[PDB]
Ligand SMILES: O=c1ccn([C@@H]2O[C@H](COP(=O)(O)OP(=O)(O)O[C@H]3O[C@H](CO)[C@@H](O)[C@H](O)[C@H]3O)[C@@H](O)[C@H]2O)c(=O)[nH]1
Ligand SMILES: O=c1ccn([C@@H]2O[C@H](COP(=O)(O)OP(=O)(O)O[C@H]3O[C@H](CO)[C@@H](O)[C@H](O)[C@H]3O)[C@@H](O)[C@H]2O)c(=O)[nH]1
């Protein structure tokens, strides 16, 4: 017999994928896994990825909740309201779960269910240790009035200061619901058996140690998460390119920028001379609402770059593309999942964080030597950054010998961690044993 | 929970694989899938593919119908005869199918079964939109008094006129069953929820609009279909790995054999003349692998010896989609069956078109419009006239040297890539059908 565990992401591709990856890592290491999904999904992509995952992993079981009656936050509240639907589902499981992994946002709401069933519950953090360090200190931080206006930096104990320019404004307003969501779930970490984070110690040593010293001693640096597998099968344009010559661009699972800004970047691509594969979601937040068809970049750019660039509109297999030998650079939005994959695959990064914790994730990218970053660009829409400025960075990414060498080291280190003797691997095996 | 759907192909690799591809496509996308096959299969390959497919996809399920005791056509007739055998099978099935996809030929014969079962039914059309418009217009066309052979062209409504030389004589002749098959099924096209075609709008914008106008507004352009999972043998791989990129010509004249030995020899001589490196997949053919006793009594020893350095000839079946995908492949000499054209368009391989039978000549007309391939219309149906080595050799040289073609094929590939994107019509249409297909 082998232990049964369930994994439960609330919303977003950024949350969902790591959990699907965690579930596959658990299945590979000897556990029976159930993935719990809340329906209907806000986007086609999470729903499509869930269907795709189940076909790829027949052994993993699908548990679904139908939800009773800005969008991702609303979905988080929908799950919190409908969290009681999990109770009949957990009791029904053929072999009971010895563990469940639930998303950080629903830990408070799920706290009673964990108590009634006496079920050990852990959590997988999808953001950086440094941003998570700030999240844990937020309640103590909000006790003092010192972050309201005259604050250049916030000092989280045991790590160097976080400048206030990299902290999302909603996090610093007590009235805002975002603070309430973080403040409740942070208290809810006390009942967890462990808190899994998708980072490793040598990538973030001060931050991992800062969490342990600041009230999170069950933190487990389990990163990087392994790739979801796929049946082997655009390879051809990529296949036809010389190694290290192609720059991959993604601004996330959602659109980041204004058309004028994107066009400013695009001109920059041309000036740089990089061959590129670019994945564009100019649909803002939802797959379903995105109906634009390269109306964002204009026809002339496609005509001019037709030989040396491919623009994929919508979803792409980003991790799999990153793996390809042709790729030589990544222009990332600095979401922790993408940043970690760049670290894993040793791809040099030009960091362009637009919203949320991505500015702090960019700080980590710069600190480890994984990529180049300009703090002055700021949050999306604050400033217009011109072709000439962007191009200079693109040209640097190409030419920085040191960066390429440092990136290789990040990759070596990332590899060591998922090896048998590795800390991340040791820690997961240690947890599975705890059964 | 998942919708349970079934895919039913009747006969021939050209039909079977596309259904197998659709079935796999449905499975990745949240469907519980069964494949219905008729036994005994006409060819070994058909049998080989089915058995292999199930091993590759354990989750997909096999439903077999045992059959009471030209061949491919005969087999289809047999299937229509044994069509009742389904009724126990559909009844047997748990969970019940949300929808079923059945091949174009037996649409009428399955019509009763669909109605009784109150089961929504679909077709996958394995031919081009351009040929299909001709098939949907055929019933009206026969009604037209002037017999088709006398007229130089036939005008389908809203379509570029189709030249009669491009239309198989069997289609224009009333006595022939083939006419009875096309006309019957077309009429059964009204009971279906949708008709799915392995093409996309860019590839054929006029033909798809015409189908919508001409009484098939439930057509869905679902192309190109996705590639099936593979065995990945490390045996037919080595010569291809050795060669430089884009320097190898791949030749395949179909699932089945196409041409006379004299004709094949004409082409084989031409091939030496071009100077292309090549991979030729050869089949004696007629219709059946089982009956193909002869091996390289078609080409002779001398040719093989001379070209040994730069050529490989494979006799029998090969995994063509995998080969075309290879870095080494630089051109495709094709019979222009639709499944093959799409793979070339989808994979961006330049085509010299040589269609010998059936809708293949119409398909070649599409390859030409698209800029995917080079075609000579004058060559005619297979066996009509011998085409000389020099004439073939000239076309082969052009394939090598045409820079512009290279540009267009690349453009064709991009267009294919787009249809496979998440927001693309082919994906949207398919996802929508699966969503709507709940109950
Ligand atoms: O076209 C795409 C785009 C993304 N991905 C996958 O999506 C993940 C990327 O997610 P991430 O890099 O984390 O970005 P987001 O999902 O946009 O970010 C959300 O989650 C991040 C990690 O928590 C946070 O840092 C952000 O604030 C939050 O908005 C990667 O693993 C990719 O493989 C694709 O597969 N294809
Ligand atoms: O060695 C081989 C030979 C064929 N194939 C595959 O088999 C299929 C063949 O399809 P197609 O190119 O359309 O050939 P046919 O099966 O001969 O096509 C028949 O069916 C088509 C669709 O109705 C018609 O357009 C044609 O005229 C008719 O001959 C494709 O998947 C090929 O890649 C292989 O994988 N390996």
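Could you tell me whether any residue of region B:211-227 is out of contact with any helix residue (DSSP H, G or I) (no Cβ under 9 Å at 6 or more places or on another chain) and more than 30 Å from residue B:427 (Cβ to Cβ)?
First, the residues of region B:211-227 that are out of contact with any helix residue (DSSP H, G or I) (no Cβ under 9 Å at 6 or more places or on another chain): B:212-213.
From what's left, more than 30 Å from residue B:427 (Cβ to Cβ): none.
Looking for residues that are out of contact with any helix residue (DSSP H, G or I) (no Cβ under 9 Å at 6 or more places or on another chain) and more than 30 Å from residue B:427 (Cβ to Cβ), one finds none in region B:211-227, hence no.
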* Structure fact -> Those residues of region A:162-177 which are under 21 Å from the mean Cα position of the chain (by Cα), surrounded by 13 or more Cβ atoms within 10 Å (Cβ to Cβ) and closer than 11 Å to residue A:147 by Cα amount to A:167, A:171
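Please verify whether residue B:395 is farther than 27 Å from residue A:52 by Cβ and either outside any loop (DSSP other than H, G, I, E, B) or under 24 Å from the mean Cα position of the chain (by Cα) (or both), treating the condition exactly as stated.
Working: farther than 27 Å from residue A:52 by Cβ: yes; either outside any loop (DSSP other than H, G, I, E, B) or under 24 Å from the mean Cα position of the chain (by Cα) (or both): yes.
The answer is yes for residue B:395.
Hey, among the residues in region B:269-295 that are surrounded by fewer than 16 Cβ atoms within 10 Å (Cβ to Cβ) and either within 15 Å of residue B:251 (Cβ to Cβ) or within 16 Å of ligand 1 (Cβ to nearest atom) (or both), which one's farthest from the other protein chains (Cβ to nearest Cβ)?
Residues of region B:269-295 surrounded by fewer than 16 Cβ atoms within 10 Å (Cβ to Cβ): B:273, B:275, B:286, B:290-291, B:293-295.
Now restrict to residues that are either within 15 Å of residue B:251 (Cβ to Cβ) or within 16 Å of ligand 1 (Cβ to nearest atom) (or both): B:273, B:275.
Working: B:273: 28, B:275: 23 Å.
Ranking the qualifying residues of region B:269-295, first place goes to B:273.
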* To do: Might you check whether a residue that is over 25 Å from residue B:322 (Cβ atoms) and either within 16 Å of ligand 1 (Cβ to nearest atom) or crowded, with 16+ Cβ neighbours inside 10 Å (or both) occurs anywhere in region B:226-246?
  => no
* May I ask you to verify whether residue A:66 is more than 21 Å from residue A:225 (Cβ to Cβ), crowded, with 16+ Cβ neighbours inside 10 Å and in the same structural domain as residue A:184 (by CATH)? => no
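Kindly establish whether residue A:360 is assigned to a helix (DSSP H, G or I) and buried (at least 23 other Cβ atoms within 10 Å of the Cβ).
Details: assigned to a helix (DSSP H, G or I): yes; buried (at least 23 other Cβ atoms within 10 Å of the Cβ): yes.
Answer is yes for this residue.
Looking at A:184, A:190, which is the one that is farther than 22 Å from residue A:371 by Cα, in contact with a helix residue (DSSP H, G or I) (Cβ under 6 Å, 6 or more places away or on another chain) and more than 14 Å from every other protein chain (Cβ to nearest Cβ)? It would help to see each step written out before you state the result.
Working: A:190 fails: in contact with a helix residue (DSSP H, G or I) (Cβ under 6 Å, 6 or more places away or on another chain).
Sole residue among the options that is farther than 22 Å from residue A:371 by Cα, in contact with a helix residue (DSSP H, G or I) (Cβ under 6 Å, 6 or more places away or on another chain) and more than 14 Å from every other protein chain (Cβ to nearest Cβ): A:184.
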* Assuming residue A:199 fulfils every condition listed in (1) part of a helix (DSSP H, G or I); (2) surrounded by 14 or more Cβ atoms within 10 Å (Cβ to Cβ); (3) under 22 Å from the mean Cα position of the chain (by Cα) apart from one, which condition is it? -> (1)
* Return yes when residue B:438 is within 14 Å of another protein chain (Cβ to nearest Cβ), out of contact with any helix residue (DSSP H, G or I) (no Cβ under 9 Å at 6 or more places or on another chain) and either buried (at least 19 other Cβ atoms within 10 Å of the Cβ) or not in a helix (DSSP H, G or I) (or both) and no when it is not. => yes
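Scan B:52, B:92, B:28 and give me the residue that is over 30 Å from residue B:178 (Cβ atoms) and under 20 Å from the mean Cα position of the chain (by Cα).
Checking each option against the conditions leaves just B:52.
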* Inspect region A:54-77 for any residue being within 14 Å of another protein chain (Cβ to nearest Cβ), in a helix (DSSP H, G or I), under 25 Å from residue B:60 (Cα atoms) and in contact with a helix residue (DSSP H, G or I) (Cβ under 9 Å, 6 or more places away or on another chain) and give the result as yes or no. => yes
* To do: State whether the residues of region B:417-433 include one that is more than 15 Å from the chain's Cα centre (by Cα), in a helix (DSSP H, G or I), within 13 Å of chain A (Cβ to nearest Cβ) and under 28 Å from residue B:273 (Cα atoms).
  => no
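Can you find even one residue in region B:220-234 that is outside any loop (DSSP other than H, G, I, E, B) and either closer than 24 Å to residue B:415 by Cα or within 16 Å of ligand 2 (Cβ to nearest atom) (or both)? Full working, then the answer.
At the first step, the residues of region B:220-234 found to be outside any loop (DSSP other than H, G, I, E, B) are B:220-221.
Next, from what is left, pick out any that are either closer than 24 Å to residue B:415 by Cα or within 16 Å of ligand 2 (Cβ to nearest atom) (or both): B:220-221.
Yes, there is a match, as at least one residue in region B:220-234 is outside any loop (DSSP other than H, G, I, E, B) and either closer than 24 Å to residue B:415 by Cα or within 16 Å of ligand 2 (Cβ to nearest atom) (or both).
Scan region A:247-268 for residues that are buried (at least 16 other Cβ atoms within 10 Å of the Cβ) and away from chain B (no Cβ under 14 Å) and report the count.
Final tally of qualifying residues: 15.
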* Asked: Tell me, which residue of region B:1-35 that is surrounded by fewer than 21 Cβ atoms within 10 Å (Cβ to Cβ) and assigned to a strand (DSSP E or B) is farthest from ligand 1 (Cβ to nearest atom)?
  -> B:34
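Filtering region B:43-53 down to residues that are more than 14 Å from chain A (Cβ to nearest Cβ) and in contact with a helix residue (DSSP H, G or I) (Cβ under 7 Å, 6 or more places away or on another chain), which residue is nearest to residue B:316 (Cα to Cα)? I'd like the intermediate steps shown before the answer.
First, the residues of region B:43-53 that are more than 14 Å from chain A (Cβ to nearest Cβ): B:43-52.
Within this subset, residues satisfying the condition of being in contact with a helix residue (DSSP H, G or I) (Cβ under 7 Å, 6 or more places away or on another chain) are B:45-46, B:49.
Numbers: B:45: 9, B:46: 13, B:49: 14 Å.
Filtering region B:43-53 for residues that are more than 14 Å from chain A (Cβ to nearest Cβ) and in contact with a helix residue (DSSP H, G or I) (Cβ under 7 Å, 6 or more places away or on another chain), the one nearest to residue B:316 (Cα to Cα) comes out as B:45.
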* **Residue list for region B:332-365, filter: within 11 Å of ligand 2 (Cβ to nearest atom) and within 15 Å of residue B:163 (Cβ to Cβ)** => B:355, B:359, B:360, B:361, B:362, B:363, B:364
* **Leading residue by the ranking (nearest to ligand 1 (Cβ to nearest atom)) among those in region B:338-357 that are in a loop (DSSP other than H, G, I, E, B) and in contact with a strand residue (DSSP E or B) (Cβ under 9 Å, 6 or more places away or on another chain)** => B:349
* Structure fact -> With criteria (1) assigned to a helix (DSSP H, G or I); (2) buried (at least 23 other Cβ atoms within 10 Å of the Cβ); (3) within 13 Å of chain A (Cβ to nearest Cβ), residue B:366 comes up short on (3)
* Answer with yes or no whether residue A:86 is away from ligand 2 (no atom under 16 Å from the Cβ), more than 30 Å from residue A:167 (Cα to Cα) and either surrounded by 22 or more Cβ atoms within 10 Å (Cβ to Cβ) or more than 18 Å from the chain's Cα centre (by Cα) (or both). => yes
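Cβ sites come from the backbone with ideal geometry, for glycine too, and all protein chains shown count toward neighbours. What is reported rests on the model, the rules as stated and the sources as named; no laboratory instrument gave them.
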